[PDB]
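The next block holds one structure in the form of structure tokens; read it before the comments.
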Amino acid sequence: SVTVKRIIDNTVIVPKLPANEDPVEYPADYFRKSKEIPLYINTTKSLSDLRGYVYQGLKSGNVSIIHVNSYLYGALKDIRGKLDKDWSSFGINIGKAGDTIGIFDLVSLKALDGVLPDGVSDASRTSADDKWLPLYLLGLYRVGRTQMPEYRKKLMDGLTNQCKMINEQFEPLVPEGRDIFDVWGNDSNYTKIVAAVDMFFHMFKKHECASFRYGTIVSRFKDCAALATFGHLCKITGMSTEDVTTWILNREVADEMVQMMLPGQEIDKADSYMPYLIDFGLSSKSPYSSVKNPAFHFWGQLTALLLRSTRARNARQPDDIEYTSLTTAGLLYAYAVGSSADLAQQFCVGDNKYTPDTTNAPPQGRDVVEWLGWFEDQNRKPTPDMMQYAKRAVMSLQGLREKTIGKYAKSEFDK
Amino acid sequence: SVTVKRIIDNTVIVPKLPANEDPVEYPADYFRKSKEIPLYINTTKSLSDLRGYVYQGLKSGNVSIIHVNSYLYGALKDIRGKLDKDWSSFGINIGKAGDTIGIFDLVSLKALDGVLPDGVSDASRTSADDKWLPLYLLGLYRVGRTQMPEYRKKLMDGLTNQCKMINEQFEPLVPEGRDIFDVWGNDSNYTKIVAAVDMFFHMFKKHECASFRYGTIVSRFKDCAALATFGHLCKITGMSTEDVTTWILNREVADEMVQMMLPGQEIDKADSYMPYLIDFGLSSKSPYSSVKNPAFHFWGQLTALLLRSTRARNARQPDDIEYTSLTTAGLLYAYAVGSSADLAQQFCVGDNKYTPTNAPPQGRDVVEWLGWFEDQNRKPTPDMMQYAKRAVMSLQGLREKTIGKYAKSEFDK
Amino acid sequence: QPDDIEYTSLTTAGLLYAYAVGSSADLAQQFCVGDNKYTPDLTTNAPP
């Protein structure tokens, strides 16, 4: 099939179609360029000052990102945090035995010239400062990324978090529109700050100010949905990462799995940079994204859904994937895991179930090959019970959002 | 059948019918005339100025396209963009070898005499300039092309994009009517500008100002729907471009596929001119259009739809095509791909699945299926028509005259 | 629906033509790779 030809007149034709570039970009394969995550923050000038440029700047539609940036640098040099262990990543040392370090031993710079208010926007603001203001500011990263009454859900609670040994009201005017400060997202250095705040308090989980991760948290594995629906599939099938992996039954799902699992990227690593590849700008097209792993994302979720997952219910149904092979392979894996439970006596009193005491009855366990065999044995077309299993998984599901694998499954199966 | 005759009186008759010209026009087979994409931009006069002629010109029903044109030229000489690689197309060099180039190394001219306001519309407008105003302007290409509450959807978001790192309110008065600035579309040089802005930022995807593609994007493969529903069919059947191609089962669908796949047109090319054949005026009747590929468009979507496609649901049902052979051939392909999935162990641990009347064929070979179909008295089977009815029942909110609404009516009952 | 025409022979002849064209579609392999459906591999009253 490298070479197609029309039959009646017997002329060639080259079916070609619009290319589709943007390769992925891995964390590691970027520290092969630079060894530092440059955080340009400019006005290393007064903090007492900057604290004001932002309190006032926020109670109105205009506060410069460049200012909030610099404000955060100011509030966040709680050089607190004693590395009880070591800490490196991708070559980058960060601190060895017990070394005392702060949120920014992740390589600071300083940039350009333009900055708004003069000397003092107002003397009002005391150091009811770090206490919350940064929290609140970082928390707007989280709010900015969203779109439905979750925005007001997210703000309204990402605003009872500054009522924590503070007390207060709530600032800035317009609800949302992904517009009011949803631009901070677009700011290379802002993202770098939240990414650092999280990566830091992620490490020093017990810190007093660790409460700050409230908004800074949606940064960890930002754009790594498929990576995370992998881990969820595993957890929801109770199966091991490797055994789940064998259950991948489509070239372009395995292609993506291969792309995700690429080594020396610190995926699995305790406290690595990788989770923040996107916000630290180590990558501008993450290889763990739903969108670069559409087939994997669909399958893994559809499967988990069938296996009673609450999450998957609402996972988006990626477009331009082969739906009618991904679902089949999902159904099967779901069926396998589903029908044939994992029951096994765990405790006893000298007495336990030594277990080694029909035609076409589904396979004993969860071996891919046992099941593939069984399926081929099924003329390669999903069986009545399994399709019933599927219809039992999805009927009774209500409140399904359009274009989710949830709504997909229910339509594919309940009728 | 070249020669028909009536029987009783046995006289001839020549069934003839109204001809139907407008041939297609390919990109390539146009650089066999010219080697330059002439962008007539006139008033190479002040920009600070032009920035005003448009800010004020837009806050009111009258701003000359000729002005916005020239304004864009002014704002868009971010001569930024270092060709990390090479860059040619159709013979046209654009830059080698680290060559540093800007949005207009796509051949500028300059035209006529008439221009509206005098010296200064109003000194008001600072260089809160390129920052957005061009974006906004270009974004109105996108808005102009449309027709339903998508217009207000499209503007209302193609207006929170100038609230970016830039953040400033919305502008002209009347909602739409494909009339207020939906005429910029008709402007040979405007289109050429957006076409260039896209083709450029399409190349320099990471550029700071690449945010501009927001409206400039519906220019890429403008009028190449069939070309793109080809790629979608492929993607949706997981099949290869060539294997999908063999599955074409109608003269006039293959005729169109042949017309589309015509070589030396840079379809498949990385960053080519071809996607903009229409807007660069390299063509005035694109061979990739739904309308010149009606049969192909229908089939490919109907099929995709059957194969669960979300897109196809809403593809228009082209007229004056043979619906009842296109559907049959679509159903079949859909059935093939559908029923017989693509399963195959991908990973393992030394242990893998060595896999070796009238039941449908094992895989997705056209001939295996054609045979099977002929074996079926050439009339789609109960399960396959059930497969179709399962594909389309449960589909709701179908718009009239879409292949969606068609399928559901053809199949759910 | 034009008036003063024979409706019940025009419809019959229409139905038939419709049926012909309809039922028996137009399928035929158009492209390939050296392998195509050579088609010349029913008795009673099955349509033409």
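Quick mapping for you: the protein sequence lines, in order, are chains B, C and D. Counted the way the deposited numbering counts, the first sequence spans residues 2 to 358, 365 to 422. Counted the way the deposited numbering counts, the second sequence spans residues 2 to 357, 366 to 422. Counted the way the deposited numbering counts, the third sequence spans residues 318 to 358, 364 to 370. The beta carbon of each residue, even a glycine, is placed where N, CA and C say it ideally should be.
Using a Cβ-Cβ distance cut-off of 7 angstroms, determine whether C/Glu-209 contacts chain B. Cβ-Cβ to chain B under 7 angstroms: no for C/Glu-209.
Unbroken alpha helix (DSSP H) runs of length 4 or more, entirely within the stretch 215 to 269 of chain C: which are they? Correct list: 226 to 237, 242 to 247, 252 to 261.
Say whether the stretch 391 to 406 of chain C touches the stretch 320 to 338 of chain D, bearing in mind that this needs 3 or more beta-carbon pairs closer than 8 angstroms, one atom from each stretch. The stretch 391 to 406 of chain C makes no contact with the stretch 320 to 338 of chain D: fewer than 3 CB pairs, one atom from each, lie closer than 8 angstroms.
What residues in its chain sit with their C-beta under 6 angstroms from that of C/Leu-156, if we drop five residues either side in the sequence? Correct list, in chain order: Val-144.
Measuring CB atoms only, is the stretch 193 to 204 of chain C touching the stretch 94 to 108 of chain C, in the sense that at least three cross pairs come out at less than 8 angstroms? Contact check between the stretch 193 to 204 of chain C and the stretch 94 to 108 of chain C: three or more CB pairs, one atom from each, fall below 8 angstroms, which counts as touching.
If you reduce the DSSP assignment to three classes, tell me which class C/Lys-193 lands in. Shown here, C/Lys-193 sits in a helix according to DSSP, grouped into three states.
Simplified DSSP assignment, three categories, for D/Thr-328: Helix at D/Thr-328.
Quick check: the Cα distance between C/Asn-43 and C/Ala-112, rounded to an integer number of angstroms? In a straight line, the C-alpha of C/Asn-43 is about 5 angstroms away from that of C/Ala-112.
So, at 6 angstroms on beta carbons, what are the nonlocal neighbours of B/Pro-173 in its own chain, with the 5 sequence-adjacent residues on each side left out? In the same chain as B/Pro-173, and ignoring 5 residues on each side of it, the C-beta atoms closer than 6 angstroms to its own belong to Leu-59, in chain order.
Sequence-distant residues of its chain with Cβ nearer than 8 angstroms to B/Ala-76 (five each side left out): Non-local beta-carbon contacts of B/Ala-76 in its own chain, meaning distances under 8 angstroms to residues more than five positions away in sequence, involve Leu-48, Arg-52, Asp-130, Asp-131, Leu-134, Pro-135 in chain order.
From this set, B/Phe-382, B/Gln-385, B/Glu-383, B/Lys-422, which residue's C-alpha is nearest B/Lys-398's C-alpha? The shortest Cα separation from B/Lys-398 among B/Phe-382, B/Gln-385, B/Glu-383, B/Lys-422 belongs to B/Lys-422.
What does a CB cutoff of less than 6 angstroms around B/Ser-310 pick up in its chain, not counting 5 residues either side in sequence? In its chain, beyond the 5 residues on either side, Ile-237 have a beta carbon closer than 6 angstroms to the beta carbon of B/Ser-310.
Local conformation of C/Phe-213 per DSSP, three classes: In this structure, C/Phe-213 counts as helix in the three-state DSSP scheme.
Taking a Cβ distance cut-off of 8 angstroms, strictly less, list which residues of the stretch 277 to 306 of chain C are near chain D, in chain order. Answer in chain order: no residues at all.
Would you say B/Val-13 faces chain D, with C-beta separation under 7 angstroms as the test? Cβ-Cβ to chain D under 7 angstroms: no for B/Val-13.
Contact belief for C/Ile-66 with C/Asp-180 at Cβ below 8 angstroms, rounded distance in angstroms: About 14 angstroms separates the two Cβ atoms, so there is no contact after all.
Who are the near neighbours of B/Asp-50 in its chain, counting only those whose CB is closer than 7 angstroms to its CB and skipping five residues on each side? Result list for B/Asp-50: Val-121, in chain order.
Positions along the stretch 372 to 401 of chain C whose CB lies within less than 7 angstroms of some CB in chain D: Of all residues in the stretch 372 to 401 of chain C, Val-375, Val-376, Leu-379, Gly-380, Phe-382, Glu-383, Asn-386, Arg-387, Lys-388 have a Cβ within less than 7 angstroms of some Cβ in chain D.
Could you tell me the boundaries of the alpha helix (DSSP H) in which C/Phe-297 lies? Counting along the chain, the unbroken alpha helix (DSSP H) around C/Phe-297 starts and ends at 295 to 307.
So, C/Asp-123 versus C/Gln-57, is the Cβ gap smaller than 7 angstroms? Contact flag set, yes.
As a quick exercise: from C/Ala-196, C/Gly-232, C/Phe-231, C/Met-166, pick the residue whose alpha carbon is nearest that of C/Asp-272. Ranking C/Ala-196, C/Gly-232, C/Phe-231, C/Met-166 by Cα distance to C/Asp-272 puts C/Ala-196 first.
For B/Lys-83, which residues does DSSP report across the bridge? Per DSSP, B/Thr-101.
Give the DSSP bridge partners of D/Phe-348, in chain order. Secondary-structure assignment with DSSP links D/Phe-348 through a beta bridge to B/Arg-7.
If I measure Cβ to Cβ from B/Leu-250 and keep anything under 6 angstroms in the same chain, skipping five residues before and after, which residues do I get? Excluding positions up to five away in sequence, the list reads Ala-330.
B/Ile-8 CB to nearest chain D CB: under 7 angstroms? By the rule that beta-carbons nearer than 7 angstroms mark a contact, B/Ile-8 touches chain D.
If the cut-off is 9 angstroms on Cβ atoms, which residues from the stretch 312 to 332 of chain B count as contacting chain C, listed in chain order? Listed by position, the residues of the stretch 312 to 332 of chain B near chain C (Cβ gap below 9 angstroms) are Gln-318, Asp-320, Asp-321, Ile-322, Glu-323, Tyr-324, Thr-325, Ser-326, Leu-327, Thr-328, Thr-329, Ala-330.
Between which residues of its own chain and C/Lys-286 is the CB-CB distance below 8 angstroms, once the five residues before and five after are set aside? Here the set comprises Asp-23, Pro-24, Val-25, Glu-26, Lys-293.
Could you give the C-beta distance for C/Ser-90 and C/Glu-267, rounded to a whole number, given that I count them as a contact under 8 angstroms? Yes, C/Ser-90 and C/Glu-267 are in contact; Cβ-Cβ is about 6 angstroms, under 8 angstroms.
Chain D contact for C/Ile-412 (CB, 7 angstroms cutoff): Not a single C-beta of chain D is nearer than 7 angstroms to the C-beta of C/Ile-412.
Residues of chain D with a CB under 8 angstroms from the CB of residue 423 of chain C: which are they? Within the shown structure, residues of chain C are numbered from 2 to 422, placing residue 423 of chain C beyond reach of any answer.
Select from B/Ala-226, B/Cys-349, B/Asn-162, B/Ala-345 the residue whose C-alpha is nearest the C-alpha of B/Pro-357. For B/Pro-357, the nearest C-alpha among the options comes from B/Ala-345.
Is there a Cβ from chain D that is less than 7 angstroms from the Cβ of C/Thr-242? It does not: the Cβ of C/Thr-242 has no partner Cβ on chain D nearer than 7 angstroms.
First and last residue of the uninterrupted alpha helix (DSSP H) at C/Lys-78: Where C/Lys-78 is concerned, there is no enclosing alpha helix (DSSP H), given that its DSSP letter is neither H nor E.
By the criterion of Cβ-Cβ separation under 8 angstroms, what are the contact partners of C/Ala-255 in chain D? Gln-347, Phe-348, listed in chain order.
Taking the continuous alpha helix (DSSP H) assigned at residue 508 of chain B, which residues delimit it? For chain B, the structure presents residues 2 to 422; residue 508 of chain B sits outside this window and is missing.
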